[PDB]
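experimental coordinates follow, after the sequence.
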Amino acid sequence: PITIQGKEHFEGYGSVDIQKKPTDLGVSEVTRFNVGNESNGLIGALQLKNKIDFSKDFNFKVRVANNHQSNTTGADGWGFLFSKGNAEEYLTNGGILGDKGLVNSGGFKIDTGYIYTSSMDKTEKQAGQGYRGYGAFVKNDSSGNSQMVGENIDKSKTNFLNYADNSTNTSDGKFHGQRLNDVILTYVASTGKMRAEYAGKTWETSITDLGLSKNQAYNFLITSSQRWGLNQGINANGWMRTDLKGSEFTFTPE
Ligand SMILES: [Ca+2]
């Protein structure tokens, strides 16, 4: 097993860049998704240069900050995606932040954007004026169709979370999604179980329910998008930012 930190372990694809000295995040630089403007939205990915050996454990701690933006014009969310496919395929097919994407792939999403035609968004009651979002494990089948899998393991069994707020006390010690916060993703290869922790909540699934297998090696993609595939343009800042310097990724490469 290795442990790595830093953006140089990833190859960037699509609508992604580096933001130097963000005045609102408290870090000296940050990787920034959803920059620019296109008529069918924005889509971007960072692909880990090594593949992950799924016969061995992994633990990821990813520091992410969500856009402080309406969920009808802001970013679609974060998708932490495992696939035999690659980032260039993701850029034209989608990942796990919508209704369809890269086939036979799966991972965990932090959903920050309301796609009013999507069944998963409707059942999660994402429509509203607040910063309404939700977390979930998602699997794409052999035709690429996305389905929620696993479940939330808090008492609520609910997926809902506020992905940003209007607090003037962001350093009070509590969760404020527009600042940098830990996404923890843990996998125990012996048992097949994958767990995600974010915003004080916890989810769990098996890699079997994600459509993945133990005796394989997968590409790992940190992905985001903004209104991608919806033919609605880009009409607000939807920056989604991750501090890869302060993140850590432990896994067995393959
Ligand atoms: Ca959504």
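Yep, it's here. Numbers count the residues shown, from 1 in each chain.

contact residues of the stretch 1-150 of the chain facing the ion?
By CB under 5 Å from the ion, the part of the stretch 1-150 of the chain that sits against the ion consists of 111, 113, 115, 121. Any C-beta I mention is one placed from the backbone N, CA and C, and that applies to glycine too.

just those: which are in helices?
Mapping those onto helices (DSSP state H) picks out residue 121.

out of the residues of the stretch 1-150 of the chain next to the ion, which are buried?
111, 113, 115, 121 (16 or more other CB atoms under 10 Å).

right, and residue 159 touches residue 136 too?
Yes - Residue 159 is within contact range of residue 136, at 5.2 Å (criterion: CB atoms under 8 Å).

overlap in contacts of those two?
Residues touching both residue 159 and residue 136 by CB atoms under 8 Å, 6 or more residues apart in numbering: 124, 152, 203.

neighbours around residue 124, how many?
Neighbourhood size, residue 124 [other CB atoms under 10 Å]: 20.

likewise for residue 229?
19.

what of the one 10 residues further on?
Residue 239: 23 surrounding residues under other CB under 10 Å.

what's near enough to touch it?
19, 32, 33, 34, 35, 67, 75.

same check on residue 219?
By CB under 8 Å, 6+ apart, the contact set of residue 219 is 47, 48, 51, 52, 82, 83, 84, 85, 86, 87.

which of these are buried?
47, 48, 51, 52, 82, 83, 85, 87.

which of those residues fall in strands?
Judged by DSSP state E, the subset of the buried ones among the contacts of residue 219 located in strands is 47, 48, 52, 82, 83.

between the residues you listed, which is nearest residue 181?
Set against residue 181, the nearest of those by CB to CB is residue 48 (20.9 Å).

what's near enough to touch the closest one?
Neighbours of residue 48 in contact, by CB under 8 Å, 6+ apart: 9, 10, 219, 220, 221, 249.

kindly recompute the last result at 7 Å.
Residues in contact with residue 48 (CB atoms under 7 Å, 6 or more residues apart in numbering) are 9, 10, 219, 220.

all set, thanks.
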